[PDB]
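Undergrad:
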Amino acid sequence: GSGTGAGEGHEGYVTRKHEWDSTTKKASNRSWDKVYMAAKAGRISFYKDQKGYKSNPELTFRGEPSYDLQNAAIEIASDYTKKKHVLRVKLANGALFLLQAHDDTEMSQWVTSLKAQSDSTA
């Protein structure tokens with residue numbers, strides 16, 4: 001773009017897996033979600049649509065959460081069949097924000113964004 005967006009991160013309707021603390025899977029069993037994410041590695045912001053957003057700017061689809069993490073780190077999957085085109089920044093609270101983007105130019109730009117933010121220092 002040209003200036004700053006809404007908050008501080010990269011934003012697209014993608015399939016991300018925010019903050020985690022579960023280990024149910026075995027064969028598969030979905031866990032991630034596909035919503036309108038507005039997060040990166042500086043702060044998180046979540047909305048499925050402009051719904052709770054329609055009503056009040058603090059509420060959204062109940063998968064509404066948000067963060068402030070210029071502390072987190074960086075990682076890429078590279079060990080899957082679908083999630084092997086994903087990126088992930090890791091906070092210091094056990095959670096990870098995974099990113100399965102749509103195209104490839106945004107997916108890498110999610111890593112471009114995300115990497116610049118997660119582990120900010122100088």
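Every letter in the sequence shown is one number past the one before it in PDB author numbering, and letter 113, counting from 1, is 113.
Ideal Cβ placement from N, Cα and C applies to all residues, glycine included.
Within 10 Å of its beta-carbon, does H102 have 16 or more other beta-carbons around it, so buried, or fewer, so exposed?
TA: exposed
Undergrad: What do you get for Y80, buried or exposed, if any count of 16 or more other CB atoms within 10 angstroms of its CB means buried?
TA: exposed
Undergrad: Output the residue ranges of the alpha helix (DSSP H) runs that lie fully inside the segment 38 to 106 and measure 4 residues or longer, sorted by chain position.
TA: 52 to 55
Undergrad: Where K54 and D33 are concerned, what is the direct C-alpha to C-alpha distance, given to the nearest angstrom?
TA: 21 Å
Undergrad: From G42, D119, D49, pick the residue whose C-alpha is nearest to that of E75; which is it?
TA: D119
Undergrad: Output the boundary residues of the beta strand (DSSP E) element that contains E11.
TA: Segment 10 to 17, the beta strand (DSSP E) holding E11.
Undergrad: Looking at the structure shown, is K34 part of a helix, part of a strand, or coil, going by DSSP?
TA: strand
Undergrad: Could you give the DSSP three-state label for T112: helix, strand or coil?
TA: Reduced to three states, the DSSP call for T112 is helix.
Undergrad: Which one of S108, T105, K90, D104 has the shortest CA to CA distance from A41?
TA: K90
Undergrad: For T4, count the other beta carbons within 10 Å of its own beta carbon; 16 or more makes it buried, fewer makes it exposed. Which is it?
TA: exposed
Undergrad: Evaluate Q50 with the Cβ neighbour count: other Cβ atoms within 10 Å of its Cβ, from every protein chain shown; 16 or more gives buried, anything less gives exposed.
TA: exposed
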